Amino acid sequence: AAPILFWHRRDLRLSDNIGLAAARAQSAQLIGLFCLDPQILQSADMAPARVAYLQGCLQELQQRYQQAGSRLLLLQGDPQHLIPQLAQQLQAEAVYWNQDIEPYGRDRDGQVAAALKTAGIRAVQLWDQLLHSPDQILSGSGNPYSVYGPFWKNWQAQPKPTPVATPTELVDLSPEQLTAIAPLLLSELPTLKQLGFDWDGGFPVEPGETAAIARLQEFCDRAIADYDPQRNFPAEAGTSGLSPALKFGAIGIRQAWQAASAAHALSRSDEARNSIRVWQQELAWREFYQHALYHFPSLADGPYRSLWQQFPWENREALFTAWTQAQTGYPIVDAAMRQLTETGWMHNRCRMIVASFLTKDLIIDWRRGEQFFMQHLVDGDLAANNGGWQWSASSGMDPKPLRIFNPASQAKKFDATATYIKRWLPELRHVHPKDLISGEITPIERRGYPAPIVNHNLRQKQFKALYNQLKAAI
C-alpha cells in the first residue's frame, strides 16, 4: 500500500500538530513513529529526568495512536539509516515531520530527507513548535534580530496562528506490512530502567499530552491573572510549570497562545490583563532564543561575542564541584541547586541567580554550567539554556552592560522571608531569614552547612579586573 509516516521528535502529542495535521489531510493511513537515537540517548548531556518525562509522553502517545485507528512505531538506532529503510519497506508515499532549530537535528534532517529522496520517497518538513518560524521574522533589511526589543515589536504585530485539527479515523498497518518492517521495530516501549536510567524526583507537570492540556487550562483559568508579579518569587508557585511540556511538545504552541489569549479576552481587570500579556511575552522570549539559535548556530559553541571568546576563565574545578553539589555556602544559591538536582526543575529567578553566581562569582567558563543544567533539567533546551547562560555574561544575544548579581540582594529582593531557602535547605530552618539572606551564618548555628566558598566582594573585583584588563588589551 501507500501509507504516510509521521516522525515524532519534540511533538509528542496528537493534537494541534502542524505536520501531523498536514499528513492526515493527505492520507488516513497515517502511522506515527519515534526513533530512539543513540547519539542523543547515550549523550553525557542527557538528563535522567528528561528521559523519564519523555518516556511518559511516549506511553500516552502510543495510546493516542491506538485510539485514533493506527499505531506508534518504535525504533532504536541511527535515524538516517533506519527511517529511510522503514519508509522503503513500507513503500511510504511520504515521511512528514516538524522542523528543528538545533544544529544536530537540522543536520540529521537534511540527511534523512536526502536519503528519502534517493529512495524516491517524499519528505515534508513543516514548522510546528514556533508561533512564527525563523524565516517569518526578519528586519526591514531581511535580517535576523540579535536584540530583543525590535524582535518583540515585529513578532507581536504578526497575525497569530490557531490550533489545527486532531487526526481521527486512521487506518492501521496490515500483517503483511508489519512483517515487512518487523526487523526494524522494538517490540515494546522500553522502560526507563531498561534504558539504564532512574528518576524518582517527580515533575513540574505529569508527563503526557492530557496532563499538559490540563495544566494549561488550570493555569490560564486562575494563576495566570497574578503572573505579574507572582512570577518573580521562587517561593510562590506563580509560573505554569509547562516548560517540559513545551520542550517535548506535550502541548501545542498554538493551544498555549490561544488559551492565554482567551483568558485575556475573558478578563475584565487591568492587572489581570497585564499579567496575561506578560506571560505571553515569555512565549516571545522563547521564540527569540530559538530563532537566534536557528539564525546563529555557532551560539551553541559557547561565548558568542568576540571579547568573551577570550575571557580568562579561572576554572577552579573545586568551586564548580561545590556549585553542582549545592555546597557553595550561599543559601539562595544552594537551595536552588538542590531543587534542580532533586526535582529536575528550577524557578527562573533562581536559574538567573545560580548562573550569575557560577559565571561572575566562581568565574567558571559558563559552558560547564550550561552542561550541568542540561544534565539535570527536565526541560533542558539548547536554545533556552544557551540563551540563559550567554545571558549570565551578556556574551550572546541582547547584550547588556557588565553587571554582577549580589546573591544577598537577590535573595532579600525575591525571597524576603527566606521561605524558599528554608524549603530546600531544611537543615537551616532554625536559622533566621535575616542571616540566610545575608549568607552570614554563625558556625555553631551553621551546623554542618558549609561556609561561603568565596568572598563575593573579592570575586566581584576579580571579575571586573579581568574584564577591564581584557577590554583594554583589545
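Note that residue numbering follows the sequence shown and begins at 1.
Just going by the entry, 343-351 versus 265-273 on mean CA temperature factor gives the higher value to 265-273. For the pair 162-170 and 229-237, the record assigns the higher mean C-alpha temperature factor to 229-237. Remark: of 256, 119, 212, 378, 119 shows the highest value [criterion: C-alpha B-factor in the PDB entry].
Ranking 82, 383, 374, 220 by Cα temperature factor from the entry places 220 first.
Ranked within its chain, residue 12 lands in the lowest third, by CA B factor from the PDB record. Residue 5: CA B factor in the lowest third of modelled residues in this chain (values from the PDB entry). Sort the chain's modelled residues by C-alpha temperature factor and residue 279 lands in the middle third, per the entry. Residue 65: CA B factor lies in the middle third for its chain, per the PDB record. Among all modelled residues in this chain, the alpha-carbon of residue 148 has a temperature factor (C-alpha) in the middle third.
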